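Heads up, the chain below is alone and in the form deposited in one PDB entry; it's given as structure tokens.
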């Protein structure tokens, strides 16, 4: 029942979904910190804070004591950090009364780090979720105050999981804020041994490696959607893969061998099983179905030929 003065720090839409939830549930958000304007585009959090008449602060860094003081001045009870791109110095961590609380996109201690959502999908996890944690100095080492899980379906991409977590996160956050205001929060220490780090995604890593199993390639295709998107090079042309299905049939064909190319898809042998490419997007072109591809890029997918 204690109305907490909250400083909200966040940047992307995922973060904006959480701010919107805090406001909508009558929370006392005293200030909003977002990353400085980007080439010059304002963040989804900045846009929403503004529309709501909230003071926005965009220090390029919290290292300067001048910037740290902006947090001090707001005399906050807790600082909620959701996808805010700046490192918080221990000094700032100690400033709000109840400290800083972070909404992390994984079921900690698994997937500490930068790309928890994409990595849980890529790794083949059966589920993800969000962990609301009491921020500490390391990279996502804080005690877990709350966790909500969400299963990862076979049709999920990092994009849909983001959607799912953007809906789960706010409720977990509001619940946790209630517990902190009530003194009923039950902090759980992270088991170091269960930790894994969700390293950033790169376009280099998204390039299709046919020697992998069709299952993992199919997972990469989903996990790397919307960014960086799995891709292969054909005639020095980067081609993004939007959809593929796995054909659980063993092949003696070398990885990369096109086994079939028709309306049903372009089947490619992998290191284990067959990957059926369904939607590909040649650079600077539209995302085309296998049939469209056979009409405009036939020579790229001749059965018997080997990709890559």
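Here, rigid core means the biggest group of C-alpha atoms that superpose within 1.5 Å across both forms. Residue numbers count along the first chain shown, from 1.
- Unmodelled residues of the deposited sequence between neighbouring positions residue 39 and residue 40 number 4 to 9.
- Looking at mean Cα B-factors across 118 to 126 and 73 to 81, the upper value is held by 73 to 81.
- Higher average CA B factor: 279 to 287, of the stretches 279 to 287 and 54 to 62.
- When the C-alpha B-factors of 204, 209, 140, 167 are read from the PDB record, the largest value belongs to 204.
- Taking the PDB entry at face value, the top CA B factor among 175, 106, 184, 160 belongs to 184.
- When the modelled residues of the chain are ordered by their C-alpha B factor, residue 218 lands in the lowest third.
- In the PDB entry, residue 24 places in the highest third of its chain by CA B-factor.
- In this PDB entry, residue 238 carries a Cα temperature factor that places it within the highest third of its chain's modelled residues.
- Among the modelled residues of its chain, residue 257 has a C-alpha B-factor that falls in the lowest third, as given in the PDB entry.
- Residue 34 sits in the middle third of its chain by CA B factor, as recorded in the PDB entry.
There is another form of the same protein, the form deposited in another entry; it is not shown, and what comes next is about it.
- Once the core is superposed between the shown form and the other one, every option in 58, 279, 68, 251 stays below 2 Å in C-alpha shift except 251.
- Comparing the forms between the shown form and the other one, the C-alpha position of residue 270 differs by 2 angstroms or more, with the core used for superposition.
- Relative to the superposed rigid core, residue 210 undergoes a CA displacement of at least 2 Å between the shown form and the other one.
- Superposition on the rigid core between the shown form and the other one places the CA atom of residue 235 2 Å or more away from its counterpart.
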